[PDB]
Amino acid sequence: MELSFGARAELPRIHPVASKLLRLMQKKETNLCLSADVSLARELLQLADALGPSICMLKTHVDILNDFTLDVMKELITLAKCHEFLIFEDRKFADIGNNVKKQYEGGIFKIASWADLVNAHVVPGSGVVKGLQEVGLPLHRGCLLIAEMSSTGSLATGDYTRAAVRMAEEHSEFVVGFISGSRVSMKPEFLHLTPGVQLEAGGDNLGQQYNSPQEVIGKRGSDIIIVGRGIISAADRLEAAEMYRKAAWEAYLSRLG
């Protein structure tokens, strides 16, 4: 009884941000999130424009953007609306509730003003979600909980993963899914996004480990692949994005049957 992305977008308990995302995934035949891990605004915006049609989401990394301004984010929003993708900020919210509330809304980045999605670690307990929600729910935003990590020695396993799933399921008005390596929730309203993805086997020199789109979407049951260096270190980033999109999309279609 596995539903297509387009049918999941209509589920009774679906969050509006998840619904918007699932609808554009189905329309564009993409379940690829670009991890835009670049330090220059011009490169961020040129990638967003050229790859926009091929992606369902762009993961920003504002903490490394040397020439960040709120105007850069305005131009990114224009591209996101034009090409139809969501903006997901990488910042790892992972503090007591009172702190994440202020980190999400304020400072120089004003993340909640432009990010459709943010992610949080569950280690502080559910106050991390409650603090974020106090800013995000009035703004009609969503959050992803980090239930598993792709890196060597990850402690997001076993009971920790189970606690992340429970915290999501109990905060479904704001939490729309997970960063995970696999399907972790049985409820189809939740999105599973998986980083640590490359076409070829391997890793990096600092604990990253890769699995293929076919493995993580097809066998492990995740919904979306998050891809950084597999695309951004390639010469032709458009062609690379298309190879990842086609891989993730076919893997989804084959599992759906």
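Residue indices: 1-based, along the sequence shown.
Note on 117-125 vs 151-159: mean CA B-factor is higher in 151-159.
For the pair 183-191 and 84-92, the mean B factor over Cα atoms is greater in 183-191. When the C-alpha B-factors of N205, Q46, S35, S54 are read from the PDB record, the largest value belongs to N205.
In the deposited entry, the Cα temperature factor of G106 sits in the middle third of values across the chain's modelled residues. Looking at the C-alpha B-factors along this chain, the one for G142 belongs to the lowest third.
Annotation for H15: C-alpha temperature factor in the middle third relative to the rest of the modelled chain, per the entry.
Ranked against the other modelled residues of its chain, the C-alpha B-factor of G196 as given in the entry falls in the lowest third. Per the PDB record, residue ranking by Cα B-factor puts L40 in the middle third of the chain.
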